[PDB]
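Undergrad: Contents of work.cif (mmCIF, N, CA, C and O atoms; chains and numbers go by the auth columns) are given next:
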data_upload
loop_
_atom_site.group_PDB
_atom_site.id
_atom_site.type_symbol
_atom_site.label_atom_id
_atom_site.label_comp_id
_atom_site.label_asym_id
_atom_site.label_seq_id
_atom_site.Cartn_x
_atom_site.Cartn_y
_atom_site.Cartn_z
_atom_site.B_iso_or_equiv
_atom_site.auth_seq_id
_atom_site.auth_asym_id
ATOM 1 N N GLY A 1 -6.061 18.071 0.202 0.00 1 A
ATOM 2 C CA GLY A 1 -4.887 17.377 0.696 0.00 1 A
ATOM 3 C C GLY A 1 -5.166 15.922 1.019 0.00 1 A
ATOM 4 O O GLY A 1 -5.669 15.603 2.096 0.00 1 A
ATOM 5 N N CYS A 2 -4.840 15.038 0.082 0.00 2 A
ATOM 6 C CA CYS A 2 -5.061 13.609 0.270 0.00 2 A
ATOM 7 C C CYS A 2 -4.025 12.793 -0.498 0.00 2 A
ATOM 8 O O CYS A 2 -3.402 13.290 -1.438 0.00 2 A
ATOM 9 N N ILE A 3 -3.846 11.541 -0.092 0.00 3 A
ATOM 10 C CA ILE A 3 -2.887 10.656 -0.743 0.00 3 A
ATOM 11 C C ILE A 3 -3.537 9.889 -1.889 0.00 3 A
ATOM 12 O O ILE A 3 -4.495 9.144 -1.685 0.00 3 A
ATOM 13 N N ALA A 4 -3.008 10.076 -3.094 0.00 4 A
ATOM 14 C CA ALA A 4 -3.534 9.397 -4.272 0.00 4 A
ATOM 15 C C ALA A 4 -3.042 7.956 -4.341 0.00 4 A
ATOM 16 O O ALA A 4 -2.144 7.559 -3.598 0.00 4 A
ATOM 17 N N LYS A 5 -3.636 7.176 -5.238 0.00 5 A
ATOM 18 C CA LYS A 5 -3.258 5.778 -5.406 0.00 5 A
ATOM 19 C C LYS A 5 -1.925 5.657 -6.136 0.00 5 A
ATOM 20 O O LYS A 5 -1.865 5.158 -7.259 0.00 5 A
ATOM 21 N N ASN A 6 -0.858 6.117 -5.491 0.00 6 A
ATOM 22 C CA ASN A 6 0.475 6.060 -6.080 0.00 6 A
ATOM 23 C C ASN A 6 1.513 6.659 -5.135 0.00 6 A
ATOM 24 O O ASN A 6 2.686 6.284 -5.167 0.00 6 A
ATOM 25 N N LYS A 7 1.074 7.589 -4.295 0.00 7 A
ATOM 26 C CA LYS A 7 1.963 8.239 -3.340 0.00 7 A
ATOM 27 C C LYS A 7 2.074 7.420 -2.057 0.00 7 A
ATOM 28 O O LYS A 7 1.118 6.768 -1.642 0.00 7 A
ATOM 29 N N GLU A 8 3.249 7.460 -1.436 0.00 8 A
ATOM 30 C CA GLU A 8 3.484 6.722 -0.200 0.00 8 A
ATOM 31 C C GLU A 8 2.436 7.074 0.853 0.00 8 A
ATOM 32 O O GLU A 8 1.870 8.167 0.839 0.00 8 A
ATOM 33 N N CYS A 9 2.183 6.140 1.763 0.00 9 A
ATOM 34 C CA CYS A 9 1.204 6.349 2.822 0.00 9 A
ATOM 35 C C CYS A 9 1.579 5.559 4.073 0.00 9 A
ATOM 36 O O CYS A 9 1.612 4.330 4.056 0.00 9 A
ATOM 37 N N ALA A 10 1.859 6.277 5.157 0.00 10 A
ATOM 38 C CA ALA A 10 2.229 5.644 6.416 0.00 10 A
ATOM 39 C C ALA A 10 0.995 5.318 7.250 0.00 10 A
ATOM 40 O O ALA A 10 -0.006 6.033 7.199 0.00 10 A
ATOM 41 N N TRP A 11 1.073 4.235 8.015 0.00 11 A
ATOM 42 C CA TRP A 11 -0.040 3.815 8.859 0.00 11 A
ATOM 43 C C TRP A 11 -0.321 4.848 9.945 0.00 11 A
ATOM 44 O O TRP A 11 -1.365 4.811 10.595 0.00 11 A
ATOM 45 N N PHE A 12 0.618 5.769 10.136 0.00 12 A
ATOM 46 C CA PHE A 12 0.471 6.813 11.144 0.00 12 A
ATOM 47 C C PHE A 12 0.851 8.176 10.574 0.00 12 A
ATOM 48 O O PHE A 12 1.171 9.104 11.316 0.00 12 A
ATOM 49 N N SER A 13 0.811 8.290 9.250 0.00 13 A
ATOM 50 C CA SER A 13 1.155 9.538 8.579 0.00 13 A
ATOM 51 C C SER A 13 0.267 10.679 9.067 0.00 13 A
ATOM 52 O O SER A 13 0.628 11.850 8.961 0.00 13 A
ATOM 53 N N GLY A 14 -0.900 10.327 9.598 0.00 14 A
ATOM 54 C CA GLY A 14 -1.823 11.331 10.094 0.00 14 A
ATOM 55 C C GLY A 14 -2.808 11.784 9.036 0.00 14 A
ATOM 56 O O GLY A 14 -3.867 12.325 9.356 0.00 14 A
ATOM 57 N N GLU A 15 -2.460 11.566 7.772 0.00 15 A
ATOM 58 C CA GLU A 15 -3.323 11.959 6.664 0.00 15 A
ATOM 59 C C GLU A 15 -4.088 10.758 6.117 0.00 15 A
ATOM 60 O O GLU A 15 -3.931 9.637 6.602 0.00 15 A
ATOM 61 N N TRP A 16 -4.914 11.000 5.106 0.00 16 A
ATOM 62 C CA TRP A 16 -5.704 9.938 4.494 0.00 16 A
ATOM 63 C C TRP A 16 -5.622 10.006 2.973 0.00 16 A
ATOM 64 O O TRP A 16 -5.293 11.049 2.405 0.00 16 A
ATOM 65 N N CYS A 17 -5.924 8.891 2.316 0.00 17 A
ATOM 66 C CA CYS A 17 -5.884 8.825 0.861 0.00 17 A
ATOM 67 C C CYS A 17 -7.129 9.465 0.253 0.00 17 A
ATOM 68 O O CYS A 17 -8.137 9.655 0.934 0.00 17 A
ATOM 69 N N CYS A 18 -7.051 9.793 -1.031 0.00 18 A
ATOM 70 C CA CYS A 18 -8.170 10.411 -1.733 0.00 18 A
ATOM 71 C C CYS A 18 -9.323 9.425 -1.892 0.00 18 A
ATOM 72 O O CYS A 18 -9.167 8.228 -1.656 0.00 18 A
ATOM 73 N N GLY A 19 -10.482 9.938 -2.296 0.00 19 A
ATOM 74 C CA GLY A 19 -11.645 9.090 -2.480 0.00 19 A
ATOM 75 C C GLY A 19 -11.952 8.253 -1.254 0.00 19 A
ATOM 76 O O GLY A 19 -12.425 8.771 -0.243 0.00 19 A
ATOM 77 N N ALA A 20 -11.684 6.955 -1.344 0.00 20 A
ATOM 78 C CA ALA A 20 -11.935 6.044 -0.235 0.00 20 A
ATOM 79 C C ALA A 20 -10.959 4.872 -0.254 0.00 20 A
ATOM 80 O O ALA A 20 -11.311 3.751 0.118 0.00 20 A
ATOM 81 N N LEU A 21 -9.733 5.136 -0.693 0.00 21 A
ATOM 82 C CA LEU A 21 -8.706 4.103 -0.763 0.00 21 A
ATOM 83 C C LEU A 21 -7.876 4.072 0.517 0.00 21 A
ATOM 84 O O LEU A 21 -7.815 5.057 1.253 0.00 21 A
ATOM 85 N N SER A 22 -7.235 2.937 0.774 0.00 22 A
ATOM 86 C CA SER A 22 -6.409 2.778 1.965 0.00 22 A
ATOM 87 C C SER A 22 -4.934 2.667 1.593 0.00 22 A
ATOM 88 O O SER A 22 -4.567 2.787 0.423 0.00 22 A
ATOM 89 N N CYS A 23 -4.092 2.438 2.595 0.00 23 A
ATOM 90 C CA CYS A 23 -2.657 2.312 2.375 0.00 23 A
ATOM 91 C C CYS A 23 -2.236 0.844 2.359 0.00 23 A
ATOM 92 O O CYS A 23 -2.266 0.167 3.387 0.00 23 A
ATOM 93 N N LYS A 24 -1.843 0.360 1.186 0.00 24 A
ATOM 94 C CA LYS A 24 -1.414 -1.025 1.034 0.00 24 A
ATOM 95 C C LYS A 24 0.013 -1.098 0.502 0.00 24 A
ATOM 96 O O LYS A 24 0.548 -0.111 -0.007 0.00 24 A
ATOM 97 N N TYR A 25 0.626 -2.270 0.621 0.00 25 A
ATOM 98 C CA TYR A 25 1.992 -2.470 0.153 0.00 25 A
ATOM 99 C C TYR A 25 2.022 -2.705 -1.355 0.00 25 A
ATOM 100 O O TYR A 25 1.265 -3.520 -1.883 0.00 25 A
ATOM 101 N N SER A 26 2.904 -1.986 -2.041 0.00 26 A
ATOM 102 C CA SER A 26 3.032 -2.112 -3.488 0.00 26 A
ATOM 103 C C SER A 26 4.357 -2.772 -3.860 0.00 26 A
ATOM 104 O O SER A 26 5.392 -2.111 -3.937 0.00 26 A
ATOM 105 N N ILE A 27 4.315 -4.080 -4.090 0.00 27 A
ATOM 106 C CA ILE A 27 5.509 -4.830 -4.455 0.00 27 A
ATOM 107 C C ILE A 27 6.204 -4.205 -5.659 0.00 27 A
ATOM 108 O O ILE A 27 7.423 -4.026 -5.663 0.00 27 A
ATOM 109 N N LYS A 28 5.422 -3.872 -6.680 0.00 28 A
ATOM 110 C CA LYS A 28 5.960 -3.262 -7.891 0.00 28 A
ATOM 111 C C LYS A 28 6.724 -1.984 -7.562 0.00 28 A
ATOM 112 O O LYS A 28 7.731 -1.671 -8.198 0.00 28 A
ATOM 113 N N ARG A 29 6.238 -1.249 -6.567 0.00 29 A
ATOM 114 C CA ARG A 29 6.876 -0.004 -6.155 0.00 29 A
ATOM 115 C C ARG A 29 7.825 -0.240 -4.984 0.00 29 A
ATOM 116 O O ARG A 29 8.394 0.701 -4.433 0.00 29 A
ATOM 117 N N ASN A 30 7.991 -1.505 -4.610 0.00 30 A
ATOM 118 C CA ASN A 30 8.871 -1.866 -3.504 0.00 30 A
ATOM 119 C C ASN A 30 8.693 -0.905 -2.333 0.00 30 A
ATOM 120 O O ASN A 30 9.646 -0.604 -1.612 0.00 30 A
ATOM 121 N N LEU A 31 7.468 -0.427 -2.147 0.00 31 A
ATOM 122 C CA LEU A 31 7.163 0.498 -1.062 0.00 31 A
ATOM 123 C C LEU A 31 5.704 0.379 -0.637 0.00 31 A
ATOM 124 O O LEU A 31 4.998 -0.539 -1.053 0.00 31 A
ATOM 125 N N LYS A 32 5.257 1.314 0.196 0.00 32 A
ATOM 126 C CA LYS A 32 3.880 1.318 0.675 0.00 32 A
ATOM 127 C C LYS A 32 3.145 2.571 0.212 0.00 32 A
ATOM 128 O O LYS A 32 3.462 3.682 0.639 0.00 32 A
ATOM 129 N N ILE A 33 2.161 2.385 -0.663 0.00 33 A
ATOM 130 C CA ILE A 33 1.380 3.501 -1.182 0.00 33 A
ATOM 131 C C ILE A 33 -0.111 3.184 -1.161 0.00 33 A
ATOM 132 O O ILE A 33 -0.515 2.061 -0.856 0.00 33 A
ATOM 133 N N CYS A 34 -0.927 4.181 -1.488 0.00 34 A
ATOM 134 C CA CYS A 34 -2.375 4.010 -1.509 0.00 34 A
ATOM 135 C C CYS A 34 -2.832 3.405 -2.834 0.00 34 A
ATOM 136 O O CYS A 34 -2.107 3.441 -3.828 0.00 34 A
ATOM 137 N N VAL A 35 -4.040 2.849 -2.838 0.00 35 A
ATOM 138 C CA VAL A 35 -4.594 2.237 -4.039 0.00 35 A
ATOM 139 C C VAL A 35 -6.109 2.404 -4.091 0.00 35 A
ATOM 140 O O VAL A 35 -6.851 1.621 -3.498 0.00 35 A
#
In structure tokens, what does this structure look like?
TA:
Amino acid sequence: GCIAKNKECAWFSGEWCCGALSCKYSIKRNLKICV
């Protein structure tokens, strides 16, 4: 159970992204997802 580099990610979602990526803003996705 982890957030991939494409799925939304809240700064307080409580979960973490896969591998070792963080939650950044994606202009192209006009939202906030991991990378």
Undergrad: Taking the file above as input, evaluate the PyMOL selection byres ((chain A and resi 8) around 6) and report the hits as a PyMOL selection string.
TA: chain A and resi 3-4+6-7+9-10+32-34
Undergrad: Looking only at strand (DSSP E or B) from DSSP on the backbone, list the matching residues of chain A as a PyMOL selection string.
TA: chain A and resi 3+8+17+23-26+31-34
Undergrad: Can you list, as a PyMOL selection string, every protein, DNA or RNA residue that comes within 8 Å of residue 22 of chain A when you count only C-alpha atoms, leaving out same-chain residues fewer than 4 positions away?
TA: chain A and resi 16-17+34-35
Undergrad: So the first atom is atom CA of residue 14 of chain A and the second is atom CA of residue 2 of chain A; what is the distance between them in Å, to one decimal place?
TA: 10.6 Å
Undergrad: Please report the interatomic distance between atom C of residue 25 of chain A and atom CA of residue 1 of chain A in Å with one decimal.
TA: 21.3 Å
